[PDB]
Amino acid sequence: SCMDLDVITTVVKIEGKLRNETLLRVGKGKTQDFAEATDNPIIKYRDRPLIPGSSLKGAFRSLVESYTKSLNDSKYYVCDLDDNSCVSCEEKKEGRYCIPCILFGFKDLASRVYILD
Amino acid sequence: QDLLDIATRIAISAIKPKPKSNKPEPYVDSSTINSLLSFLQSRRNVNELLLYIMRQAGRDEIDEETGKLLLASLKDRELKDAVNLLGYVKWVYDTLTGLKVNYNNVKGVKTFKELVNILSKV
Amino acid sequence: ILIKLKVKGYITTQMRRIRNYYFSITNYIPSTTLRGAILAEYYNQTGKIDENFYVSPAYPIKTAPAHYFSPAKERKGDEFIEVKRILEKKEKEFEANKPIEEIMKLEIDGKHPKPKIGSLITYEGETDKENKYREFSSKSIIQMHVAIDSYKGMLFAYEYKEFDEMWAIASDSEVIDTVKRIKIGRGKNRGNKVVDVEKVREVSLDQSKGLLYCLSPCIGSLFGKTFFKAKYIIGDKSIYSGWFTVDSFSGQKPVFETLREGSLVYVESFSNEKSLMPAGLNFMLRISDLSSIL
Amino acid sequence: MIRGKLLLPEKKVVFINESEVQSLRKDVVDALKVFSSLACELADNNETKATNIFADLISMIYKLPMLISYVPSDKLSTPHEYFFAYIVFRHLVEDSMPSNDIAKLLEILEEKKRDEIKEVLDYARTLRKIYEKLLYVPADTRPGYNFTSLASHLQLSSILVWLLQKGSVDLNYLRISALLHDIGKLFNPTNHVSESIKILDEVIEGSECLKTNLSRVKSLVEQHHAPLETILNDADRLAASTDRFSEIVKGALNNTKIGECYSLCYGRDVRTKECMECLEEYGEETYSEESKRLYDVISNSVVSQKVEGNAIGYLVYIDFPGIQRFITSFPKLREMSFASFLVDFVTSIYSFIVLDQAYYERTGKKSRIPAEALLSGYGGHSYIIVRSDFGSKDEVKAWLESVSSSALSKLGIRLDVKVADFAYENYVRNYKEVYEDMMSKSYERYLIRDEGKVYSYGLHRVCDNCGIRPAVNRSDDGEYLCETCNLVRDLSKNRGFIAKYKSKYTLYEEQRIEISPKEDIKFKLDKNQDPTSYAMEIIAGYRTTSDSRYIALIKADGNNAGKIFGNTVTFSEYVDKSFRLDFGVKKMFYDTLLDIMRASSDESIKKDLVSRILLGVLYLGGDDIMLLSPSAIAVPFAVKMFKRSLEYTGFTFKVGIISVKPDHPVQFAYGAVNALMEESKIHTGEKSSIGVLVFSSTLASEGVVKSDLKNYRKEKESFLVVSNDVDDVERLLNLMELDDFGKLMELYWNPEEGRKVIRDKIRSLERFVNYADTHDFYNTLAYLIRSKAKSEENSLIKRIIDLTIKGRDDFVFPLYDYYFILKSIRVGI
């Protein structure tokens with residue numbers, strides 16, 4: 001049973017500073033949406049450039065999916081995002097689990113790892 | 001009601017087809033009016049919204065006549081009525097786009113009730 | 001003496017307690033209830049109460065209970081007609097030996113009407129001799145309430161009625177002078193919206209022999225106390241549940257069925273006993289037509 | 001050999017299949033033999049008693065709805081069953097039934113319960129078939145004279161036989177002869193006399209006991225031929241001539257357009273062969289056209305003939321001058337149902353019994369009132385005829401009023417008796433004039449005198465008033481029992497809704513199917529619990545005590561019936577129209593029940609639903625329809641019942657439907673639903689109207705309904721149409737896939753999935769109505785159009801919005817109406 005969000009045993013908070021190595025370009029969801037800058041401007045929170053939490057979550061989920069598929073284990077699988085027939089874990093008689101579904105949630109299950117901006 | 005009439009006049013102005021276009025597209029795009037509403041929401045200032053619509057008109061992205069009518073209407077309005085007017089404009093524009101109503105049908109309808117009479121008949 | 005009530009609010013009326021619910025019965029306001037409210041206000045102000053006080057039941061302004069000679073032209077409509085100065089044109093031959101079955105001939109034209117005695121009727125217009133009228137319909141609402149100590153244990157319900165300006169006739173007394181607003185209804189301390197009493201021009205109506213329009217639910221006699229005798233009684237039976245003081249012990253809830261309000265009675269003689277106007281009954285009067293409100 | 005019936009007011013001519021009637025002749029003769037055998041069994045080798053019983057049974061053949069309920073019941077539950085038992089057993093007893101007591105009268109009627117009722121109900125199916133055939137066959141095949149069916153003409157024939165008969169002339173023989181003559185006219189207009197002779201021969205060969213009597217009847221009919229001089233044929237011919245009443249009109253003769261058969265089929269002489277030959281000569285289409293033209297001319301023709309002599313009969317109108325107070329006296333459902341049954345019984349059957357006793361003693365135990373003298377008598381209004389031998393009509397009215405007042409001096413029930421001259425010797429007056437006389441003699445009701453008494457206001461508390469008498473009697477539950485209510489409760493303790501529950505209804509069809517509510521209702525109750533207490537919940541549909549479920553009230557009434565009956569050419573036309581209306585209403589209800597039965601689902605579910613529907617019936621028939629079906633099935637039931645109302649009865653119906661909680665008071669709900677039904681009237685009147693209004697968390701009353709309709713509903717920009725066409729609701733149900741009874745029952749029996757499914761179906765409409773409640777009319781319409789615009793193809797939202805908007809002329813759109821229609825089913829589970 002992977003739906004244990006009702007009972008919270010432990011909570012860990014990771015606080016740090018992210019420093020870009022190369023020329024980091026913000027997602028710029030403001031596609032052809034100028035606010036106070038030239039051409040298409042990167043998104044920012046009150047004139048302060050902001051890395052979207054959704055972007056980091058998507059990149060992390062892609063990395064986790066790649067890792068899980070590289071595991072090549074029957075017990076652990078990844079289901080397509082558009083599929084609505086996927087389930088997080090199966091308690092059929094030892095069971096199957098979805099690591100990205102466990103971490104960042106699915107339609108059937110909410111996330112367990114929250115990522116801030 | 002009266003705001004409805006203003007909004008439907010704006011919408012029928014905006015439904016004029018864009019010339020020299022491959023597809024029979026309206027002059028004003030849905031993304032444009034959505035951006036207008038979002039900019040007004042984020043930037044709670046009527047003058048900034050007027051500048052935004054003026055820039056959009058200068059960008060040839062919205063109709064010149066529709067921009068003129070919008071500027072005349074919102075020239076001396078507050079914010080609370082401005083957001084309501086933009087919401088009504090969004091509603092009526094979406095109705096026109098979904099119903100596939102051409103400009104020649106509405107033409108110069110002045111009252112929203114006449115427009116809904118046409119829609120009920122059609 | 002005339003009074004005015006700028007109610008314009010939701011109030012209750014005669015309730016029919018069902019299980020634990022309460023329902024509106026009379027579309028109008030009965031004299032007894034009014035009298036109780038007006039006397040309760042006197043008691044609150046001073047406490048010295050008087051039983052010599054009589055007040056006619058209030059009705060919505062420009063409305064009146066229906067009598068037999070004021071029927072509806074439609075069997076299912078609400079449009080009522082009657083002849084100008086009908087009672088003068090009626091009656092009259094009552095002195096002569098004129099058959100009553102011939103007297104109550106309502107077939108002035110084809111498809112003769114059907115009357116509904118004792119219904120609220122509103123004056124409409126002239127329309128030559130036959131005056132236009134319309135039945136009165138009021139607004140009613142339902143107010144249900146819960147019972148807690150945080151947690152429900154029981155349930156209750158109520159039915160309120162909406163009224164416009166109200167008019168009624170009372171007794172010439174300083175009571176109305178010194179009282180301005182009256183709590184009225186089943187729940188006087190819970191559910192009132194707005195109430196007030198306005199004094200207006202004095203009213204001088206004459207009560208004497210002849211055909212009289214019984215505004216209140218008149219009664220010919222009670223306990224053998226003969227009040228008046230009538231040649232012919234036209235109306236309907238009613239049930240009375242009110243209040244009256246007989247000085248000594250007891251004197252509440254005397255139930256005695258009576259004539260329905262708006263009944264037409266041709267009384268030819270009265271008596272000088274204790275008048276039942278303070279008991280809210282016997283408010284007859286001689287009128288030319290329903291235009292007596294003027 | 002062509003016969004066609006003229007229908008009204010649609011003005012349609014329908015021809016009758018000769019094969020069908022020739023097949024049903026065998027069943028008619030079989031029924032006659034069965035009734036003769038039953039009369040012989042009851043008479044116990046007697047001739048006079050058998051004659052009376054056979055006359056009563058033959059009358060029952062022509063009046064099935066007034067003597068047999070819509071659904072036959074082995075338990076005496078309807079006034080019609082009591083009437084049948086009384087008219088059967090009145091000759092059985094040598095002592096008159098005491099009419100001074102109503103409780104004793106009902107006890108006696110219940111005691112006189114034998115297998116005769118079951119034997120009749122066994123063939124009641126064929127009886128219904130024959131009654132329908134007689135209702136659908138015109139009395140006269142002549143064009144222009146075919147507007148009156150056979151049942152009305154036959155009833156008027158029996159009435160005129162009883163009236164015009166005088167002297168030492170036998171009447172029972174005359175009655176049977178006239179009825180057989182009319183049956184023969186049905187089966188073979190050219191040789192009706194010979195067909196009646198064959199019918200008599202077959203009946204005599206059937207019945208073993210009644211041999212000499214029936215042989216004498218046959219010999220009297222035969223030897224006393226029509227051309228021969230005889231009293232019986234003279235009386236029969238004069239009665240038929242008075243019944244037709246149309247030959248005294250010269251309009252049909254002056255209207256010579258075709259000018260081919262007016263000289264031969266029409267005139268002083270009558271020859272059926274000539275009329276039949278002409279019918280082929282010009283063809284039915286032309287026959288129907290000319291019949292329509294002649295009927296239109298007659299309806300546009302006015303004649304006035306008055307016989308200077310006396311009036312041989314009077315018509316008596318029995319009604320209740322004031323039912324509101326009596327109805328409001330009962331707060332519980334069982335008490336209200338018993339009160340309605342008692343009101344109908346007092347209006348019709350008690351009056352019939354009183355008049356029958358008065359007539360029987362008037363002659364000196366010589367003759368007796370025929371059972372077919374009872375024309376109306378369902379719903380409170382009752383038309384009863386009398387012979388002009390009691391004397392003054394006012395004297396008869398005073399006698400009946402005195403008897404009624406003496407009997408019901410404690411029930412608070414007073415009957416207003418209206419008597420007008422019925423017919424003359426050589427003239428029968430049209431219904432309009434009779435109703436004019438009735439309404440003219442109505443002032444006498446409004447004259448009253450002074451009386452002093454005390455009656456407890458409702459049934460509550462211990463008032464003081466005059467203390468000579470004891471106080472309000474204490475009750476088993478405490479102090480809530482007035483004397484009148486105590487007596488009514490005592491009366492209803494044995495009979496009423498509980499009797500209906502403890503009955504076993506049977507539906508006689510291609511496969512007879514029985515219904516036993518004691519074994520069909522799935523309400524698990526402890527043996528220490530009282531079903532009558534939970535009657536309202538049972539009718540609502542509580543399968544367990546821990547259940548929440550609303551119950552709906554359905555009231556229906558005809559449209560513009562009074563003026564329609566006022567514009568009636570002849571009394572026979574009025575009788576035919578009334579019979580058609582009543583029988584068609586009962587047929588519609590029965591067919592709806594059959595449709596529910598055939599639902600391709602588990603028999604237990606449909607049996608339970610049918611049981612609940614049958615229990616939730618107050619009174620059905622004629623212009624008065626009352627129903628208390630569960631909310632989960634109410635609106636589709638009404639739609640299925642009234643889809644073919646014009647086809648069945650030809651009268652448009654205004655129907656009001658509400659849905660209150662089971663604990664709601666019953667009388668105020670009745671008043672509110674009556675107000676809603678009256679308000680939901682189509683002004684054009686060419687279509688039926690259905691109004692739906694759900695009381696989720698608010699009590700229902702007439703004033704509240706009026707206030708809500710005056711506030712929200714309006715004539716220019718409204719969302720509450722109220723006056724909704726039935727076909728619109730049918731289209732809505734088809735769009736919602738709720739017309740099918742199988743789907744409804746599948747949702748009903750399983751609320752676990754039913755609530756989810758109905759909420760999914762109703763959420764979008766509920767959202768639209770919510771936004772309607774948020775803003776005004778213009779803003780709501782704008783949002784509706786926006787929702788229609790943003791809707792993918794083949795979705796339900798676009799279909800619902802298109803149904804709501806398209807087809808509406810003014811800015812009036814049924815949105816609250818459709819929402820409440822869905823909400824009724826939503827709260828039904």
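Residues numbered from 1 in each chain as written, not as in the entry; some residues may be left out. Chains lettered and ligands numbered in written order. Part of a larger assembly, values for the part shown. Heavy atoms only, no water.

Draft legend 1. Molecular detail of the interface of chain C and chain D. Chain C puts 48 residues into the contact, and the matching count from chain D is 46 residues. The interface formed by chain C and chain D holds one salt bridge in total. A salt bridge links C:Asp236 to D:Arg325, with the shortest nitrogen-to-oxygen separation between them at 4.0 Å. If you tally residues by element for the side of chain C that touches chain D, the top one is strand 8 (residues 139-147) of chain C, at five residues. Considered class by class, the residues forming the side of chain C that touches chain D number 24 nonpolar, eleven polar and 13 charged. (Contact = heavy atoms within 4.5 Å. Salt bridge = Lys/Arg side-chain N within 4 Å of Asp/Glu carboxyl O. Helix = DSSP H or I, 4+ residues; strand = E, 2+ residues; numbered from the N terminus. Nonpolar A, V, L, I, M, F, W, Y, C, P; charged D, E, K, R; others polar.)

Draft legend 2. Examining the side chain of D:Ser492 more closely. All names here are of chain D. With respect to the helices and strands, the residue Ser492 is situated in helix 19 (residues 483-494). Taking the relative accessible area as the measure of exposure, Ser492 reaches 2% and is therefore buried. Aside from chain neighbours lying at most four places away, what touches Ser492 is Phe338 and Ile498. (Buried < 20%, exposed > 50% of the residue type's maximum accessible area, 1.4 Å probe, protein only.)

Draft legend 3. Here's a closer look at the state of the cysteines. Per the stated rule, a full pass over the model turns up six disulfides over all chains. Disulfide partner of A:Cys79: A:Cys86, at an S-S distance of 2.0 Å. Because the sign of the S-S torsion sets the handedness, a value of about -50° for the bond joining A:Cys79 and A:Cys86 places this disulfide among the left-handed ones. Residue class for A:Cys79 comes out buried when judged on its relative accessible area of 9%. What pairs with C:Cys214 in a disulfide is C:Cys218, and their sulfur atoms sit 2.0 Å apart. (Disulfide = S-S within 2.5 Å.)

Draft legend 4. Broad picture of a nonpolar patch on the surface. All names here are of chain A. Taken together, the side chains of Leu18, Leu24 and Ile51 make up a nonpolar region of the molecular surface, amounting to roughly 310 Å² of accessible area. Along the chain, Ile51 falls in the segment before helix 1 (53-71). On the basis of relative accessible area, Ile51 is assigned to the partly exposed category, the value being 31%. (Patch = residues over 30% accessible without salt bridge, like charges linked within 9 Å, V, L, I, M, F, W, Y side chains within 5 Å. Areas by Shrake-Rupley, 256 points an atom, 1.4 Å probe, with all protein chains shown as cover.)

Draft legend 5. A look at the pattern of salt bridges. All names here are of chain D. Applying the stated criterion across every chain yields a total of 55 salt bridges over all chains. Two residues, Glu20 and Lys133, come together in a salt bridge whose shortest N-O distance is 3.3 Å. You can see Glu20 sitting in helix 1 (residues 18-43) and its partner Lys133 sitting in helix 5 (residues 116-135), a full 113 residues away along the chain. Residue class for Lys133 comes out buried when judged on its relative accessible area of 7%. Ionic pairing is found between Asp591 and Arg644, a salt bridge with its closest N-O pair at 3.9 Å. Of this pair, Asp591 sits in helix 24 (residues 571-597) while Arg644 sits in the loop between helix 26 (634-642) and helix 27 (645-648), and the two are 53 residues apart along the sequence.

Draft legend 6. Up close: the packing of helix 6 (residues 150-164) of chain D against helix 7 (residues 172-187) of chain D. Residue and element names in this part refer to chain D. Axis separation between helix 6 and helix 7 bottoms out at 9 Å; the angle between their running directions is 160°. Between helix 6 and helix 7, the angle is such that the two are roughly antiparallel. Here helix 6 runs over helix 7; the crossing is right-handed. Where helix 6 abuts helix 7, its residues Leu150, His153, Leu154, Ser157, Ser158 and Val161 lie against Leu174, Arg175, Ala178, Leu179, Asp182 and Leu186. (Axes fitted to C-alpha atoms, helices over the stretch in contact; angles between N-to-C directions. Parallel < 35°, antiparallel > 145°, perpendicular 65-115°, else oblique. Left-handed = near helix turned anticlockwise from the far one by under 90°.)

Draft legend 7. Geometry of helix 24 of chain D. Over its 27 residues, helix 24 of chain D extends 39 Å from the first C-alpha to the last, a length consistent with the 39 Å expected when each residue adds 1.5 Å. With 26 of its 27 residues buried, helix 24 of chain D lies for the most part within the structure. (Expected span 1.5 Å × (residues − 1).)

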